[PDB]
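Just the one chain here, the form deposited in one PDB entry, laid out as structure tokens.
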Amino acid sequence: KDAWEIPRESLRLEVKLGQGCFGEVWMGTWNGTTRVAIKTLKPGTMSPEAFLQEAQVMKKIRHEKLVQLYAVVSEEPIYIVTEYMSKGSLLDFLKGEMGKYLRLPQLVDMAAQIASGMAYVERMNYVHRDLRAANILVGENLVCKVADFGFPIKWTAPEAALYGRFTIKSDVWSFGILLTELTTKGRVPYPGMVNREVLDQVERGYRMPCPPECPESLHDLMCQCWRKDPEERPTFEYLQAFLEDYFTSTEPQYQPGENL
């Protein structure tokens, strides 16, 4: 068979983490030695080939900043085993207990990691389509990886949302929206504004203001990610290097604040 396939005995579903339209998410043990994240498919709510798509994708993929696929059960009921991320989504991590202590240096580090994962995605000429906090997983030691790689109007670039023009450059746009989530502790972009207002206004050239206590150089970085011309936007290789050198090359004067 495929090198991925594993016996059904080698999987233990210990703790339920979520339940969606097409299956469940569990933490468990693989081979009674390896803690893992296990995703399930509900027969009769999804096509086997349809769900077993994002899996065939993560087969070619392999980066330290991308959630790693471990194994599969291609026969129904389906099971998809990946590396376990202990902190859940970046969104929950940012909103909950841990949030209150996260500072600018840590949030910029997490951004640098994600940009590193998207930089690999960039080199492989791939597109994500849903880059946001809800889809970034956190692990031990403030580690962050990209996931779910196979309407978010407030996250989607105008060209993609309107004309379905989805590229790595519309991924960069979503990255700028991801930058606000990190700097506002996981608050929904364009607060007070519905989906309809966002489409009109972004099209009018409106962009989210500098978040409270956020350096203008970082908000400046966001505005580069939000250039209406897809090709005007920066690359994830730039973004990555700009964030990794941030507190030396960009903001050497940094001093801790109340929230950031």
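So that there is no doubt, residue numbering starts at 1 and follows the sequence shown.
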| item | value |
| --- | --- |
| Residues of the deposited sequence left unbuilt between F151 and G150 | 10 or more |
| Stretch with the higher entry mean CA B-factor, where the candidates are 65-73 and 22-30 | 22-30 |
| Comparing 76-84 with 95-103, the one whose average Cα B-factor in the PDB entry is higher | 76-84 |
| Largest Cα B-factor, entry values, listed residues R207, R227, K59, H219 | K59 |
| Among modelled residues of the same chain, the CA temperature factor third for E251 | middle |
| Chain-wide C-alpha B factor ranking for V194, given as lowest, middle or highest third | middle |
| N135 CA temperature factor, ranked by third within the chain | lowest |
| Chain-relative CA temperature factor third for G44 | highest |
| Chain-wide C-alpha B factor ranking for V202, given as lowest, middle or highest third | middle |
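There is another form of the same protein, the form deposited with a small molecule bound; it is not shown, and what comes next is about it.
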property	result
Heavy atom distance at most 4.5 Å to the small molecule in the bound PDB entry, all of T82, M85 and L137	yes
Residue contact check: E159 to the small molecule in the bound PDB entry, 4.5 Å heavy atom	no
is_contact(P252, the small molecule) in the bound PDB entry, heavy atom dist at most 4.5 Å	no
Contact label in the bound PDB entry: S170 to the small molecule, heavy atom within 4.5 Å	no
4.5 Å heavy atom contact, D148 and the small molecule in the bound PDB entry	yes
Among the candidates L221, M208, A37, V202, the residue which, in the bound PDB entry, approaches the small molecule to within 4.5 Å (heavy atoms)	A37
In the bound PDB entry, the one of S174, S116, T184, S89 near the small molecule [non-hydrogen atom within 4.5 angstroms]	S89
Partner-proximal stretch of 50-58, 189-197, 223-231, 210-218 relative to the small molecule in the bound PDB entry, 4.5 angstroms, heavy atom	50-58
